[PDB]
Each structure stands twice: as C-alpha cells, then as structure tokens.
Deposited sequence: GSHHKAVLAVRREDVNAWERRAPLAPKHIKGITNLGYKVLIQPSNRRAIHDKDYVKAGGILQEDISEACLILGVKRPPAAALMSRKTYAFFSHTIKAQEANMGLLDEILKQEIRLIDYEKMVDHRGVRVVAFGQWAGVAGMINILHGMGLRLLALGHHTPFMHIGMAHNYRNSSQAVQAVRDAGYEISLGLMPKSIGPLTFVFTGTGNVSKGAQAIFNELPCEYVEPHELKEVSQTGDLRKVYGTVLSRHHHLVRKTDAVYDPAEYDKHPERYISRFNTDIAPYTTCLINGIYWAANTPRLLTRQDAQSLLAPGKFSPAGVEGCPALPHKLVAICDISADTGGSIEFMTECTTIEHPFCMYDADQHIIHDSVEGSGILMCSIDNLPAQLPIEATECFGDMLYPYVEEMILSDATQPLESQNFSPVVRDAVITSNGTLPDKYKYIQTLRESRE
C-alpha cells in the first residue's frame, strides 16, 4: 500500500498535480506511505510536499498506485501497477492509441478521471470554477490588446494573462486596479458602454463572474441589454447572465417549456442571435452543449454581425471566450496558452495569434486551469481525496471482480489485467 505522485511531462504548461500537500498529509495520517517524484515543472514546490509527509524520490517502483494529471510517456510506464490520469482514450484517439497498447502489454490497471461519475451521471472529479476564473482574466487581457489594435487605449491594457499572476488573489487586485481606472472615466468615450454576457450554469460560469464582480459592474436583465448598450454609463461595465428561458423558443410555438426542452432539445431554437448578440460586447460561453442542443451563433449570424481621432467600434461584438464546444459554429479551431487569441473575419478565415483586422476576437483554451495550477491542484485534490484510499488498496495483479471498488471507481477502469472490459471493448473496433 504505497502511493506515488508522478512528475508531469506531457507539455511545458502542465504545472498541476493530482493531489495537494494538505491531501498528502491526510493520506499519511491514515498510515500510507507517499512518494513524491521531484519535479521542477510543478507549481507547488517539492519542499511543501516534504513538509506534509511525502518522500522525495526518483524511483517510484515501490508504489503500487501512481497518480498523475495527464498522460505519461509510454516508456515511463511501470508494469503491474495501477495508474490514474486523463488518458483521452475514451474516443479512441490515435495519439493515445500508442499509449493504450503499452498499458495492456505491461498489464496495468488504468482509472480515468473523466469516466468517474456519480449515480446521476455528474462527474465527481474536476477542476471546478478555475477554468472560468482563468478565462475571464485572459479575455479581459485580450480585449485590451484588441481595443488597442482598433486604436483605443483602455485600462484593460493593464491586465496580463492568467498565468502571469501568482494566484487568483493577485489577479483580482489587478482587475480592481483596472476597474478603478474605468470608474475614474479613463475609458474612451467613442467606443461606448461595454456589455458582458455570461452563459451556462456550471461552476466555470460562477468563476468567470467572480472576476467580473471586481470591476465596477452593474448586472442587468437580457432584455435591458438593448438599452444599456447605447445609454449606459461609461464609468461602468454591464453584465448579464443568460438563462435557458431568455433565448430558447420552440420551432412550432416559440414557447419555452423547461421539462420539454431537457427531454426534447431538438424541438427548440435559440433567439440569442437577434435578441442578445447585437448588444453584446463580450460573450463568455459556459454552456455545456448536448445532443440536438441549439447553437447560440452560426456562420450566418456572424455575417450579419460583421458589416476622426476617436472612432467608434466597427461592430458591437468584440470577443468571445468559451470556458467550458459546438455552441458557436464558426469557432472551429482552438487556441493555446502560448497563442491565446485568434481572429474570425467576414471572409470566414481564421487568423491565428492575432488581434488585428476587422474580425471577432476568439479565445478557446483546452487547459485553462493550468494557468492557475496551485488553486486548480487543491480543488482537484479535494474531489479526488475520498476515492484515494480505495485506489491504494487496489491490486493490479488480482482480477477486477475481486477488488473492493465503488461504482465510481469501477466504471472508470479502462484497462485491467491486460484486457479491456466489456463496457470499453468497443475501443478496439474504433481503430
């Protein structure tokens, strides 16, 4: 019963860990030995895990359970062990198919965080609200550069990228300082009031709203967005939270039924393109798109939206940041931490790593919580902590049926004893 936290080596920006020092202290209190593989890449220093009771050691062959965040290289895999990380093999991705064979060859039991769900189907291990926190900092930083490219200096120029701040607290202070300048009237008058639209009910939307609340903000209802976009006070920023009933209407009767939409989303359409989009400066998209869910904006909608010293904006919509996705059809490509922003012009072509031109600024980062890795690590570790003890007690050599697993851990096992279970047998047929 020995636990090891492996070093992340997927990419340079993976500074997170599956467990935080306070979680390691709890595991050592239960009587389990925890090995910590040294890593200069992790945002939490090795000395903090030593204080919690972990042992700094390169050789983690002693451990039967190896915890990581992202996929490990094939050569690093140790045979006859239990590994837990994000495999991204659920859709039989070719890149991770070379990894999957080594796990089967080494007779490794693999638990995937993404498959861990409760009885209602909600994932029980995730990074919480921090993707929204990081997304809001980035999009405010991107709007400063985009507005400067259009010729307007704004206080948003004084907000850096999310990864430029030690933690969310230091970023909050920077947001307040830029907000102070806005309340002082340092915004350019010709661009008009700025309106922020938040979509979704998940934790990422609340995290994005938390950063927004540090600005001089006033929340208005969606139907008021038309009014505020023209007569709003320039010493404030305006925000609105989009709910289902605000924009979803039936194709037949334009009626919204909460129970019917959840069971039958194919019968509904979205009025976001005409009711909200023309009066939106910045869209923060947190909607988790499901089967037959209507899209907020289409390529046809973008064509409608895209048409001396102090010029006005060419179009009201400046930027869109998705913090959770198919909701926006013309957002076909994703950005990275290194190149956070791209432009979608009226010619329906994407200019990557640019804030210039007449297009719409777009931001779509797949690993937003990596920009706030310390706070993301504690949040992830809090969710994973209750399931850790049953994972350490697992034995990679014994069959799955003899293991004392809960349904959350059991259904998440992709590989075990060299062979894929029935529920994941389909992977082999999918290339």
### Query
So which bits of the deposited chain never got modelled?
1-5, 313-321, 339-341, 449-452
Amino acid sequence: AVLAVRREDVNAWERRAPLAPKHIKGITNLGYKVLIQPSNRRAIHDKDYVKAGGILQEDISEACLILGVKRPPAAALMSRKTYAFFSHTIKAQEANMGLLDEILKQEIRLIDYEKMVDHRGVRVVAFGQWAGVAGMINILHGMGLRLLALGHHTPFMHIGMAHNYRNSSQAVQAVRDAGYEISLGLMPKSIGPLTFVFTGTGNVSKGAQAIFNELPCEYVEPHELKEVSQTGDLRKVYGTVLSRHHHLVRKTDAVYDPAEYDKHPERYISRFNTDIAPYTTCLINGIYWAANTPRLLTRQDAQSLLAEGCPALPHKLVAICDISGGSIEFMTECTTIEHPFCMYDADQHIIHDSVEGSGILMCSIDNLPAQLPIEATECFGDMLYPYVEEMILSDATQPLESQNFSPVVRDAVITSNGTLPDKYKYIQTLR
From here on, numbers count along this sequence of modelled residues.
### Message
Tell me which stretch has the larger mean Cα B-factor in this entry, 211-219 or 125-133.
### Response
125-133
### Message
Highest mean C-alpha temperature factor of the two stretches 64-72 and 367-375, which is it?
### Response
64-72
### Query
Among 110, 187, 149, 259, where is the Cα temperature factor highest, going by the PDB entry?
259
### Task
Just grab whichever of 44, 52, 400, 55 has the top CA B-factor as deposited.
400
### Summary
Binned into thirds over the chain's modelled residues, the C-alpha B-factor of residue 323 lands in the middle
### Query
So where's residue 245 on the chain's Cα temperature factor ranking, which third?
middle
#### Entry: Chain-wide C-alpha B factor ranking for residue 344, given as lowest, middle or highest third
highest
### Message
Looking at the temperature factor on the CA atom of residue 177, which third of the chain's modelled residues does it land in?
### Response
middle
### Summary
residue 357: C-alpha B-factor third of its chain, per the entry, is the middle
